[PDB]
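Take a look at the structure below.
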Amino acid sequence: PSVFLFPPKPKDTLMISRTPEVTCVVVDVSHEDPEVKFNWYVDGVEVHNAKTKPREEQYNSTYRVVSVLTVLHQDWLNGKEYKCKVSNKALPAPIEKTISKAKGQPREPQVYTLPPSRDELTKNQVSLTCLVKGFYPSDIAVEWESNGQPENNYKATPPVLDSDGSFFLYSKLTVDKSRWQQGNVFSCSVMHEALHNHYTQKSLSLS
Amino acid sequence: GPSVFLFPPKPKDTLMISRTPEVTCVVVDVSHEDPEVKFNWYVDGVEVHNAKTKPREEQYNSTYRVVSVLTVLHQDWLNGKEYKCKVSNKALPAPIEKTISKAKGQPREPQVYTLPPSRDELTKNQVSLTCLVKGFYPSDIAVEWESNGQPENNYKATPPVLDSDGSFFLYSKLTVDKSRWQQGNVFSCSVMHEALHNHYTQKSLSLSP
Ligand SMILES: *[C@@H]1O[C@H](CO)[C@@H](O[C@@H]2O[C@H](CO)[C@@H](O[C@@H]3O[C@H](CO[C@H]4O[C@H](CO[C@H]5O[C@H](CO)[C@@H](O)[C@H](O)[C@@H]5O[C@H]5O[C@H](CO)[C@@H](O)[C@H](O)[C@@H]5O)[C@@H](O)[C@H](O[C@H]5O[C@H](CO)[C@@H](O)[C@H](O)[C@@H]5O)[C@@H]4O)[C@@H](O)[C@H](O[C@H]4O[C@H](CO)[C@@H](O)[C@H](O)[C@@H]4O[C@H]4O[C@H](CO)[C@@H](O)[C@H](O)[C@@H]4O)[C@@H]3O)[C@H](O)[C@H]2NC(C)=O)[C@H](O)[C@H]1NC(C)=O
Ligand SMILES: *[C@@H]1O[C@H](CO)[C@@H](O[C@@H]2O[C@H](CO)[C@@H](O[C@@H]3O[C@H](CO)[C@@H](O)[C@H](O)[C@@H]3O)[C@H](O)[C@H]2NC(C)=O)[C@H](O)[C@H]1NC(C)=O
């Protein structure tokens with residue numbers, strides 16, 4: 001029986017309207033010993049608000065059991081540690097796992113929208129690029145939209161370590177050439193702890 | 001006990017005829033007492049006799065490490081031939097065999113596009129010159145920057161990323177002093193990939209006053 005502990009999603013911790021959660025997932029729980037007990041601690045102090053799922057049988061004949069703790073946005077961002085302790089009768093000592101935000105001094109992202117290269121205008125679809133650089137830690141959300149609605153066809157690269165020890169990434173949005181040439185506006189919005197109000201937005205249009 | 005690792009050539013070694021692509025078979029945790037290792041090599045089942053093994057390197061836990069390098073024809077690797085390394089030893093029951101070959105899949109030509117820095121970046125000491133490379137398959141690729149026929153190395157590239165059509169893209173960011181950009185220097189983004197004519201293409205980027 002193994003334990004895997006998951007941090008909340010970055011967008012959820014950066015935005016007070018959303019609800020950040022840490023998730024403790026226990027796998028390889030047997031039929032022979034099918035009950036699990038969780039104990040949840042924030043900075044070593046036991047908490048009691050966790051919601052545990054009823055166990056679910058997998059295709060491989062084992063059980064999956066999941067416990068979810070809601071965390072306060074500011075506790076996560078302030079580096080508090082979350083411990084999930086799991087007990088089972090086929091376990092000599094219970095497994096403990098501990099998670100918290102990436103350590104290190106935060107650096108603020110610099111966001112740059114780059115139009116498509118002149119050479120790409122011969123194609124039916126063009127590439128609008130969002131350079132997000134100079135940020136730390138790596139946890140970040142970068143999204144594209146137009147007229148306040150999420151754009152369909154894009155992908156970000158993973159964050160990459162830069163020479164100064166900060167991170168960068170690129171997000172590529174693909175749009176029909178006509179939509180660009182008709183002069184529609186597109187915006188890359190970025191969320192990160194080091195941004196004022198955890199949010200900045202940069203637009204990009206043909207002119 | 002004894003393990004074997006089989007490594008492939010560096011993409012660009014295979015992509016330029018002047019360079020020497022190698023398949024490298026490394027053997028580790030060879031016993032202190034009965035060490036002698038023999039290397040057999042095969043290309044599509046057919047034995048080849050030009051591998052250059054190095055004498056054993058004794059470690060600091062009474063274990064030997066014995067590397068063996070096989071030079072490979074460029075066009076063989078690109079044409080999907082299979083390279084088998086066979087390592088035998090007295091302390092093995094069966095000799096260990098490992099096989100390796102190029103990533104499969106229909107090749108697709110990368111498209112290459114240089115993007116200048118956003119005007120919002122010109123308030124900084126250093127600016128970002130960007131090369132987008134998309135539509136390529138397989139992911140094996142080399143991207144490099146230069147100026148005035150000297151390599152320009154203050155750049156980092158992203159990993160290849162699977163795009164929404166099965167092809168890969170990546171970006172490579174070059175960082176240069178703002179002054180160098182403002183003065184009209186040409187920077188170029190070299191791309192090397194099996195699906196490009198002559199395995200090479202190059203795109204340039206300069207300031208427009
Ligand atoms: C019966 O069925 C059961 C049910 O299926 C089955 O259970 C399964 O068991 C296996 C192992 O036994 C479990 O495997 C584990 O999976 C974990 C979760 O993996 C996923 O998430 C990872 C992280 O994702 C974030 O981060 C990535 C990079 O950092 C990003 O790429 C992601 O996008 C994502 O980012 C997002 O979140 C960030 C915050 O986290 C945020 O910043 C960011 O912005 C963004 O929002 C991914 O890495 C991972 O992807 C892997 O797999 C896919 C293919 O599916 C590949 O394409 C990827 O490249 C990658 O390889 C998943 O999406 C893992 O964390 C866990 O890893 C650890 O354990 C393994 C060995 O098991 C180690 O090799 C590994 O190194 C990790 O351990 C290390 O650290 C610990 C301590 O920290 C250390 O002790 C250890 O020694 C080691 O160093 C592992 O792989 C699987 O989860 C179970 N499934 C389920 C459904 O529960 C069961 O086994 C079956 N029974 C059998 C087989 O008998
Ligand atoms: C005794 O000492 C030597 C040297 O420290 C150890 O050799 C090392 O063995 C590890 C374990 O397999 C090798 O790891 C391999 O690394 C490559 C990276 O390219 C990876 O692709 C492989 O999958 C694997 O993880 C490692 O290369 C090797 N070190 C060296 C310098 O060659 C050995 O394990 C030790 N033996 C013990 C502790 O019993």
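Convention: sequence-line order gives letters A, B, ...; per-chain numbering from 1. Just so it is clear, the values below take in all heavy atoms, side chains as well, and ignore hydrogens, waters and symmetry mates.
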Would you mind checking which part of [X] comes under 4.5 Å of any heavy atom in chain A, side chain (CB onward), backbone (N, CA, C, O), both or neither?
| X | result |
| --- | --- |
| B:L162 | backbone |
| B:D163 | both |
| B:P116 | backbone |

Leading residue by heavy atom contact count with chain A [cutoff under 4.5 Å; candidates B:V161, B:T158, B:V112]
B:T158
[atom1] of [X]: more than 12 outside heavy atoms within 6.0 angstrom?
| X | atom1 | result |
| --- | --- | --- |
| A:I16 | CD1 | no |
| A:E56 | CD | no |
| B:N61 | CG | yes |
| A:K177 | NZ | yes |
| A:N147 | CG | no |
| A:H31 | NE2 | yes |

Using a 6.0 Å distance limit plus a 45 degree cone around the ring axis, check whether B:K156 lies over the aromatic ring of A:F168.
no
If we ignore angles and hydrogens, is there a donor and acceptor under 3.5 Å between the side chains of B:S164 and A:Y154?
no
To the nearest 0.5 angstrom, please state how far the OG1 atom of A:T129 sits from the CG atom of B:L115.
5.0 Å
Rounded to the nearest 0.5 Å, how far does NZ of A:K172 lie from CG of B:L170?
11.0 Å
Can you say whether A:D119 sits under 4.5 Å from chain B via the side chain, the backbone, both, or neither, judging by heavy atoms?
both
Which heavy-atom pair separates A:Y170 from B:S172 by the least distance, and what is that distance?
OH-O, 4.4 Å
Closest-packed option against chain B by number of heavy-atom pairs under 4.5 Å, given A:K202, A:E120, A:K123:
A:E120
Beyond-backbone contact of B:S128 with A:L131, side-chain heavy atoms, under 4.5 angstrom:
yes
